[PDB]
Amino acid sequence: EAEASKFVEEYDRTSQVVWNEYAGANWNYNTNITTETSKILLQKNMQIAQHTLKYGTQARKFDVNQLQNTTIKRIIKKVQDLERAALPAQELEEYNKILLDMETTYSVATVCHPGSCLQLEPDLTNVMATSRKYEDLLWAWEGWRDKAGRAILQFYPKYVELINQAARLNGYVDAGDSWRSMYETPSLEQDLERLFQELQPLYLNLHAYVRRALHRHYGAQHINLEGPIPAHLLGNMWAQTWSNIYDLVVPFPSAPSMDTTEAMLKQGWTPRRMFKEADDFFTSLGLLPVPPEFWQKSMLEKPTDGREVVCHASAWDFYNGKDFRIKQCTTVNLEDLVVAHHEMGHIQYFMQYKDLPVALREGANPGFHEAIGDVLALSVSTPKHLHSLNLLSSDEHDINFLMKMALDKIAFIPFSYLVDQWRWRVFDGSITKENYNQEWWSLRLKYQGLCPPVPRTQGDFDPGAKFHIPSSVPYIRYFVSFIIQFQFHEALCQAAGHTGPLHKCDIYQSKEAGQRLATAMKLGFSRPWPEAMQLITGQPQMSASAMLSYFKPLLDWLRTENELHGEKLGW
């Protein structure tokens, strides 16, 4: 038992050093993709793998059955998983090279007129957000898939084989089993199934109403009122959030809405301003400010020196309890303001659990890490708070704001659900490289009710064109996040003494809400996630009832509206 204590202590001190070095090299590559940063990264990969092997080998000689202290038990059990460092050295090197090649391919892909070349951020993002011409949206949508997704296909089978091989060498049946294990919830699949089924009323009614509005704008010949919606018309490259087509679907055009983009730009907002407001919200709650070093080291806008960066927004823990950063190619708009909050939530979790042993430095489950920033950003998005930031100035405005929120939060529920339904079946072998793309579109249809605007061909690998796929980042966390963040907003709003509809709550400055969040985050991964759930919400389960309560007046409005139009929900 004393041997077990000393071992975790040695694991902890040596992990800080090694993960700090790795984090450094990974940072330098992400913020400066060059031959040399690649090389140093791949080298630090071998270094952290040697550490993992050394300590993971030692960890496995402990019979944790026979260990009394439950924290030591749990750390040791976690270190017995070597992840990719279980692979023989040749496969390990090939695996790391595959990952690097996939990320790089995604992050440097461009789509060119025969003409100039557009990058995903900001050019193609802005095309999907703002264009209202079917054929220009199609060009951006198809081009991105031709350039990024097809180019990832040559790597993916070998990725799958190596990640699964690592999984099995750690005791899992395949990589998807390994990922699901991180929730420590054996009823996960069924729990999330029932959660998704509870949001079906709202999603199908939202889907039908947006479909009708698309029919009105793009014409009856391009929208089948009883079919799936074409995937390039929702204002976003993956149709994962639909809030960029608010203009087409406004419930009450009579209550005109403020152009928040123009307002930000006109009022001189910058990426730094955006992050300072998120920092403000957190300290308003009496949560932690980000350190001075955060502001000197983060990369908050896309470099202008022609350097290739990984633009995709991400939060960075350097594992030393002091160095925390964000790397985002921030655009000045409300969409990225929300992303800035998102990322700031991941910084706040890193700062909150910085005194735990590094093995327990994660969220209660990955969903909790994604949820923190979003919970704040729900209050940021209210008319009350946007008014205060000078970005906005009735029942009508109310239903409009709920519509604006539903286009982001409700629409992403089936997307966030489907991504790992597909990858779990890739990992378990029931989808092969012969039908990657066809099974992806069957789930796109089945869960989101979307169809590809152009028939896909052999050689297409559309999943490759979404960041988390080449980057090998689990996605079910986002589904868990979207459910639980409403539970957290509901409990925080109650802690804050809010009364009346949940959607009017704004927890800004609430020290009561902050303390609930802080005590949960301070747990890191030290206990099963139900305890952190119970600390925030007073009960231990995930539940869609808070999200349903938030959207209830919109659900009533959508049913009245869709009923009077005779919509046939579904496809």
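When you see a residue number, it is the position in the sequence shown, counting from 1.
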property: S393-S394 interval: deposited residues absent from the model; result: 4 to 9
property: Residues of the deposited sequence left unbuilt between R307 and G306; result: none
property: 64-72 set against 40-48, stretch whose average Cα temperature factor tops the other in the entry; result: 64-72
property: Comparing 247-255 with 203-211, the one whose average Cα B-factor in the PDB entry is higher; result: 247-255
property: Which of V426, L418, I229, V358 ranks first by CA B-factor in the deposited coordinates; result: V358
property: Criterion, highest CA B-factor; candidates, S116, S314, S471, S481; result: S116
property: Chain-relative CA temperature factor third for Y218; result: middle
property: Relative C-alpha B-factor of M542, binned into the chain's lowest, middle or highest third; result: lowest
property: Third of the chain, ranked by Cα B-factor, where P291 sits; result: highest
property: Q485, C-alpha B-factor rank within chain (lowest, middle or highest third); result: lowest
property: Assigned third (lowest, middle, highest) for the C-alpha B factor of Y319; result: highest
